[PDB]
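Please read the structure below before turning to the comments.
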Amino acid sequence: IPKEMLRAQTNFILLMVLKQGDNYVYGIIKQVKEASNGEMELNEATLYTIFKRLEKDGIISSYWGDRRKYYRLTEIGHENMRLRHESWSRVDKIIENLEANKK
Amino acid sequence: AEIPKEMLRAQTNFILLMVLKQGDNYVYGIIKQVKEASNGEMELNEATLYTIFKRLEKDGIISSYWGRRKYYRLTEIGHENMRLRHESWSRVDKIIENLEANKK
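One line per chain: the protein sequences are A and B, in this order. The first sequence maps to residues 4 to 69, 75 to 111 in the authors' numbering. The second sequence maps to residues 2 to 68, 75 to 111 in the authors' numbering.
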């Protein structure tokens, strides 16, 4: 699997966790590990790298609880996730029709 | 909120490799086949297509040969990746499926 694809899958998963609710890094790691039956166990440093860039692009933001650091999906990120899920829907029909146009 | 440039790149690669998986084909026929199945929403450009196909030949996922016309085909290396990629993204959607359930 190309490295760009594994990076894309991890970004996707992380952003989908945040879409379910604001959460903190150890909490994200735990939920991801339970949902993958132990297959995908992320380490702190990978999240911080990814989260630094997403914050820079205005896709997530952070704030303090009560003291843990919580991350949240911003209004733009909910939007990007919608465009992205629609983009990839249009692609899957296009592929369906190619087979149809073949028949 | 544009679709990221890395994402449009992957969508176009994806579509293109599926074309080749159905059968060997040449550029004008690919552009033709893509616009008919998209009812015109997506009209690919030769330079972008020739640019892209060069990387794929370089990575051995496709190769080319002559007919009159130049044809491209998918190698075994390319048939594997298509399966590897498809199973990967199966494992991912189940992860997301479980994330929604574990909440309840």
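Just so it is clear, CB atoms sit at the ideal spot from N, CA and C, and this is done for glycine as well.
is_contact[residue 39(B), chain A] using C-beta, thresh 9 Å: yes
Check for me: the beta strand (DSSP E) holding residue 66(B) runs from which residue to which? 63-67
Using a Cβ-Cβ distance under 9 Å, would residue 46(B) count as near chain A? no
For the beta strand (DSSP E) holding residue 80(B), just list the boundary residues, first then last. 77-81
Based on the DSSP secondary-structure assignment, which residues constitute the bridge partners of residue 26(B)? 79(B)
Simplified DSSP state of residue 45(B), which is helix, strand or coil: coil
Reducing DSSP to helix, strand and coil, say where residue 103(A) ends up. helix
Cβ of residue 54(A) less than 9 Å from any chain B Cβ? no
Thinking just about the alpha-carbon of each residue, which of 62(B), 32(B) and 36(B) is nearest to the one in residue 48(B)? 32(B)
Secondary structure of residue 3(B), DSSP reduced to three states: coil
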